[PDB]
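> Could you have a look at this structure, given as structure tokens, before my questions?
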Amino acid sequence: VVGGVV
Ligand SMILES: O=C(O)C(F)(F)C(F)(F)F
Ligand SMILES: O=C(O)C(F)(F)C(F)(F)F
């Protein structure tokens, strides 16, 4: 699982 936020 992976996530990213800008
Ligand atoms: O996404 C993975 O690698 C996984 F192991 F299935 C999790 F359980 F972390 F979701
Ligand atoms: O990106 C990588 O090299 C990895 F090892 F999968 C981490 F777990 F750090 F995400």
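As shown in the structure tokens, the chain order sets the letters A, B, ...; within each chain, residues go from 1, and ligands are also counted from 1 in the order they appear.
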Do you have, as a Markdown table, the list of residues of chain A lying at most 12 Å from ligand 1, each with its nearest atom pair and that distance in Å to one decimal, counting only C-alpha atoms and all ligand atoms and ordered by chain then number?

| residue | atom | partner | partner_atom_place_in_ligand_line | distance |
| --- | --- | --- | --- | --- |
| A:1 | CA | ligand 1 | 1 (O) | 3.7 |
| A:2 | CA | ligand 1 | 1 (O) | 7.4 |
| A:3 | CA | ligand 1 | 1 (O) | 10.9 |
